[PDB]
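**Student:** Here's a structure for you.
There are 2 protein chains.
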Amino acid sequence: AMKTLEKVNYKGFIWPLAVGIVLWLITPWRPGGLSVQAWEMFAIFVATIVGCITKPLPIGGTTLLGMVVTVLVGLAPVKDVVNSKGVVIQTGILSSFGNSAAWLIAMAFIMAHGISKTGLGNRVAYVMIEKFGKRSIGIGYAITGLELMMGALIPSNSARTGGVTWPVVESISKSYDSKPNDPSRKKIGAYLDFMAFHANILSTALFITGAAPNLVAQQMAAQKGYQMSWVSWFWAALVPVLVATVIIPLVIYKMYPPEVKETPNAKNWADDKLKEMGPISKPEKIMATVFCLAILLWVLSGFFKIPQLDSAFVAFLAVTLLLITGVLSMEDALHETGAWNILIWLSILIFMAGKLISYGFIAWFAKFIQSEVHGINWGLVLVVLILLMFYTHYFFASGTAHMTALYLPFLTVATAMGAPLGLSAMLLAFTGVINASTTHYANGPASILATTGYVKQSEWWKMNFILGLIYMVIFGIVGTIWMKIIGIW
Amino acid sequence: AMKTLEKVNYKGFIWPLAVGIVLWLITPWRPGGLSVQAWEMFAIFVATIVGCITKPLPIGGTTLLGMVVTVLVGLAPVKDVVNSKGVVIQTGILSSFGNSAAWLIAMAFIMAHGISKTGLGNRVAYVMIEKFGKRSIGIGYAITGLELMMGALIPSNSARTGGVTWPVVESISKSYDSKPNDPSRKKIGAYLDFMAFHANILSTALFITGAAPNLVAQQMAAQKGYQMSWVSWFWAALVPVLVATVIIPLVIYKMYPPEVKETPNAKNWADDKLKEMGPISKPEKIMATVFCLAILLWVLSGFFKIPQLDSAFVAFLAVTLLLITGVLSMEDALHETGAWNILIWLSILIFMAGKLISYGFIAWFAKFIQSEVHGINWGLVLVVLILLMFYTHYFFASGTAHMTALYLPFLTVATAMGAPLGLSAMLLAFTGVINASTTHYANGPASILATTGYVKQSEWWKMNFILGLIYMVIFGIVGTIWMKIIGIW
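Taken in order, these protein sequences are the chains called A and B.
So the first sequence is numbered by the authors' numbering: it starts at 0 and just counts up by one.
So the second sequence is numbered by the authors' numbering: it starts at 0 and just counts up by one.
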């Protein structure tokens, strides 16, 4: 019954494969000490990322093409190759899909559809349109304050983004007639999408329990003899985080203003639509009960490290509660396509970047940086190390892997050339937080919010580059002078 | 705006939950030598399967609830617990989803949607409705011939079902107005679904390359000192397979007839609808070409063991070709809910059965049966071993794992009690083939065809039980005397 082919953007293929081909041919001229497979994997990964920007096919199609090409040129098995002694000496593409980040985000997508089905989403949206809808930046500051308060309680940033702030932004933009993948997207949806992302960055920076890279940094710094202690982290971050809480939202507002900037009659419009919506119903009350069990289990996860409190498992059990309760048919959860899309593409990207790690590319880079800096005072060693830890996150889809790979090497560099370990440790952990202001695979929240269709990826990458400059300036300078005002060095 | 709740079948919970609770509560009197964790995992598994038949929720919902319950009672982590030397000492629930069987079947589901989207399916359906179909048992024997022909070439049984025979059955039954999850299913669809399953069983029985358990059996028999020789297997199976090729289709036709048994004008109807479909189009030409590249890559799978020829990867590569050409939009591939349903539920069931293995349940069973059979002549030893090898496949979601677990133990039993090594090696390998006539998770094809909505699972299990009796009689006795005519025992 199909007559013509789907319109495919073939020009989108010109840039990635050309880039890949060119870097393929530069394999004889690799830096030395590397590996031919390491350089080939770098080539395929960069080609795939450029494909995620030039968009031949949606990102799922581009990452599927990348994964298929990866297997085709012999850089990754399909099944895990097992040691002899049980170890997996090289992992295949099918294990890509047993990833915690992807599964947490996908199940969070399913519960967000639950929220919007009940009608709870629009109830929360109208409550917040009444209390801050007068002036859009009021709503923006509302959700940044909400994220900042959640930072100290919900120890995983992806749970905060996919469970709370993204449902809020979606609801609010639906009540404003702002739908994704549409010109309509720019009435308020895109500004609040980007603001949610950077609020998540700020909340991760404020608390040592904002994201797992923070705790990796804490363990690695403790290995070298420096104890971060929540209050230590909090007091070191308080003033730079506040300077950022004022600078970043306003630079976003000037750079990415939200079309509709004032709703002078927001209070009465919101009250009317809450009155017509009627009192809360039993599907919405059930949904709220499951939502607060998800929040409470995520918070207890912070104190009890057990499987039953795993952030992905909390989402799984929340959705199975949603199924047994009757809020959600399983045909409702099945054709909620964002979950399976993110499962495909984010798992493939995490796998390819992990291969970048496992072939010795990041290790070679750490060794290169260890050998290249020698005749310099420790202040400039610190500036250069902050810059390198920042910009190497273009080659990471995790954050925990980034810290595991480069935090202890860079920290040993800094202390080996005279810099004080507490200051350097704090600076590098902060850079590990502000790394998120880069790619769409930087962390979980970046993967959610760069893909919802409200913010194009041109704008995402460019504005994140600008904000990364501002974040580094803020944290570097303000945090260094604040951290000796408090006595850390 | 949701008004009232989705209807949930709560009575469906009584039987599984009752069974689970009682099997939990009799844990102290477990058979002895069995871990409490093995017995508890057994209880959860039986509860989940009983739920898949009593249906408190769709199969995805019940297996998800089962997996959540598994984690809740401390029988499975969420992340893999790794040794401190790379070994995995306990496997978590997220690794379940990097499964080749589930992913192969899911990508085949999306490629079948491609076939039926282009209109290629209905062209194939009308060609065979014109060449067979005036009498529906003609269609049944046609698809049985198709499976029999593919058995010697395409080494994966699920690839044969999901890549070829299921699209054929769906196409034909859509052209016969026999449509799933409704009474209309009984015009011809259910008959062709069940007949496809058993054609796949027979073709797997005919050739030593019919499914992976065959090659596991041959390697184990060589470990014990008996060499199967393709022609060996073919010659030993041919006459029993022919007796089955005559008996089983007729027993299915009498037991499960297809309401529409005669189409007196089938050839002219098919010629009419082929005339009006018009000449083949470029979308269908592209789809047919990628289909036959999939088939040739699957046949090369039989001779070259390389990742680029992996049957799951071949499915991935076929779908990415379908994406590059434009046959399939990526939103088309995203809202095909059968693929994600099969991924979820089949991955969870394979995971739970694996836990059945890894906790030592099947090992205790092998040792118990080793202790139980002692004072009996070897003919009765062979009968009871065939019976046990058949009926233990209710506690297996793989088949390869079943063979790896119990084939060499049962064979050492049989040979240790006087039986001739070639005879029971062949009898147990045949039993491993005809094991499929059991559950809906028996093998890949069983999970595909038992779930399409054409065959209820009540009738599936019951009719599979009857046909399993018939399969055992045929293969056991007829194959034993036929294998005595040849120089085997």
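The beta carbon of each residue, even a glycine, is placed where N, CA and C say it ideally should be.
So is residue 19 of chain A in contact with chain B if we call contact Cβ pairs under 8 angstroms?
**Tutor:** Cβ-Cβ to chain B under 8 angstroms: no for residue 19 of chain A.
**Student:** For residue 62 of chain B, count neighbouring C-beta atoms within 10 Å of its own C-beta (all shown protein chains included) and say buried if the count is 16 or more, exposed if not.
**Tutor:** Its Cβ being crowded by 16 or more others within 10 Å, residue 62 of chain B is buried.
**Student:** Work out the CA separation of residue 100 of chain B and residue 447 of chain B for me, nearest whole Å.
**Tutor:** Spanning the two alpha carbons is a distance of roughly 11 angstroms.
**Student:** Is residue 122 of chain A helix, strand or coil by DSSP?
**Tutor:** Helix, per DSSP.
**Student:** Residues in the same chain with beta-carbon distance under 6 angstroms from residue 54 of chain A, minus the five sequence neighbours each way, listed in chain order, please.
**Tutor:** So the qualifying residues of the chain are 11.
**Student:** Assess, as a yes-or-no matter, whether the region 336-347 of chain A is touched by the region 140-153 of chain A under the definition of 3 or more beta carbon pairs within less than 8 angstroms.
**Tutor:** Touching, no.
**Student:** Closer than 8 angstroms by C-beta to residue 326 of chain B: which residues in its own chain qualify, once you throw out the five before and the five after it? Chain order, please.
**Tutor:** Closer than 8 angstroms at the Cβ level, and outside the excluded window around residue 326 of chain B, lie 113, 116, 117, 282, 285, 286, 289.
**Student:** Got a sec: is the Cβ-Cβ distance from residue 212 of chain B to anything in chain A below 8 angstroms?
**Tutor:** Residue 212 of chain B does not count as touching chain A.
**Student:** Helix, strand or coil: how does DSSP classify residue 146 of chain A here?
**Tutor:** Helix at residue 146 of chain A.
**Student:** Enumerated in chain order, which unbroken segments of the alpha helix (DSSP H) with a length of 4 residues or greater are wholly contained in the region 261-327 of chain A?
**Tutor:** Counting only runs of 4 or more, we get 265-276, 281-300, 310-324.
**Student:** Check for me: the alpha helix (DSSP H) holding residue 383 of chain B runs from which residue to which?
**Tutor:** Start and end: 377-390.
**Student:** What residue ranges within the region 52-123 of chain A form continuous alpha helix (DSSP H) runs of no fewer than 4 residues, ordered along the chain?
**Tutor:** Taking only runs of at least 4 residues, the alpha helix (DSSP H) segments lying wholly in the region 52-123 of chain A are 58-71, 99-117.
**Student:** Name, going along the chain, the residues of the region 306-339 of chain A whose beta-carbon falls closer than 8 angstroms to a beta-carbon of chain D.
**Tutor:** Reference to chain D is not applicable here, since the protein chains of this structure are A and B.
**Student:** By how many angstroms is the C-alpha of residue 233 of chain A removed from the C-alpha of residue 198 of chain A?
**Tutor:** Their backbone Cα atoms lie some 16 angstroms apart in a straight line.
**Student:** Would you kindly work out how many angstroms separate the C-alpha atoms of residue 40 of chain A and residue 71 of chain A, rounded to a whole number?
**Tutor:** One C-alpha to the other measures close to 12 angstroms.
**Student:** Bridge partners of residue 134 of chain A, per DSSP?
**Tutor:** According to DSSP, which records beta bridges pairwise, residue 134 of chain A is partnered with nothing at all.
**Student:** I believe residue 106 of chain A touches residue 315 of chain A by the beta-carbon criterion, under 8 angstroms. Please report the beta-carbon distance rounded to the nearest angstrom.
**Tutor:** Right, the Cβ-Cβ distance comes to about 6 angstroms (below 8 angstroms), so this counts as a contact.
**Student:** Answer yes or no: does any C-beta atom of chain B fall closer than 8 angstroms to that of residue 40 of chain A?
**Tutor:** Output row for residue 40 of chain A: interface = no.
**Student:** My output table needs one value for residue 351 of chain A: the three-state DSSP class, helix, strand or coil.
**Tutor:** Here residue 351 of chain A sits in helix by DSSP.
**Student:** State the Cα-Cα distance for the pair residue 58 of chain B and residue 313 of chain A, rounded to the nearest angstrom.
**Tutor:** Cα-Cα distance, rounded: 21 angstroms.
**Student:** Quick one: residues in its chain with C-beta nearer than 8 angstroms to the C-beta of residue 1 of chain B, no 5 flanking neighbours on either side, listed in chain order?
**Tutor:** Contacts found: none.
**Student:** Thinking C-alpha only, which one of B:87, B:77, B:85 is nearest residue 93 of chain B?
**Tutor:** Out of B:87, B:77, B:85, B:77 has the C-alpha closest to the C-alpha of residue 93 of chain B.
**Student:** Going by beta carbon distance, what residues of the same chain come within less than 6 angstroms of residue 252 of chain A, once the five residues before and after it are set aside?
**Tutor:** Contacts found: 136.
**Student:** Jot down the residue ranges of each uninterrupted alpha helix (DSSP H) in the region 197-235 of chain B, minimum 4 residues, whole runs only, in chain order.
**Tutor:** Counting only runs of 4 or more, we get 211-223.
**Student:** Let me know the secondary structure DSSP gives residue 463 of chain B once reduced to three states.
**Tutor:** DSSP places residue 463 of chain B in helix when its eight states are reduced to three.
**Student:** Quick one: grab the DSSP three-state call for residue 1 of chain B.
**Tutor:** Of the three classes helix, strand and coil, the one that applies to residue 1 of chain B here is coil, per DSSP.
**Student:** Among B:262, B:96, B:399, B:245, which residue has its Cα nearest to the Cα of residue 127 of chain B?
**Tutor:** Comparing Cα positions, the closest option is B:262.
**Student:** With DSSP collapsed to three states, give me the class of residue 259 of chain B.
**Tutor:** If DSSP states are grouped into helix, strand and coil, residue 259 of chain B belongs with coil.
**Student:** With 8 angstroms set as the bound, which would you pick, yes or no: does the beta-carbon of residue 0 of chain A sit closer than that to a beta-carbon of chain B?
**Tutor:** By this cut-off, residue 0 of chain A is an interface position.
**Student:** Taking Cβ positions only, does residue 5 of chain A come closer than 8 angstroms to chain B?
**Tutor:** Yes, because at least one Cβ of chain B sits closer than 8 angstroms to the Cβ of residue 5 of chain A.
**Student:** Cβ of residue 364 of chain A within 8 angstroms of Cβ of residue 391 of chain A?
**Tutor:** In contact: residue 364 of chain A and residue 391 of chain A (Cβ atoms closer than 8 angstroms).
**Student:** Keeping to the same chain, check which residues put their C-beta closer than 7 angstroms to that of residue 34 of chain B; ignore five residues upstream and five downstream.
**Tutor:** So the qualifying residues of the chain are 358, 359.
**Student:** Is the region 16-34 of chain A touching the region 293-304 of chain B in the sense that three or more CB pairs, one from each, lie closer than 8 angstroms?
**Tutor:** Touching, no.
**Student:** Just checking my contact of residue 122 of chain A with residue 368 of chain A at CB under 8 angstroms: how many whole Å lie between their CB atoms?
**Tutor:** 52 angstroms between Cβ atoms; not a contact.
**Student:** Could you check the C-alpha separation between residue 124 of chain B and residue 445 of chain B for me, to the nearest Å?
**Tutor:** Straight-line Cα distance between these residues: approximately 22 angstroms.
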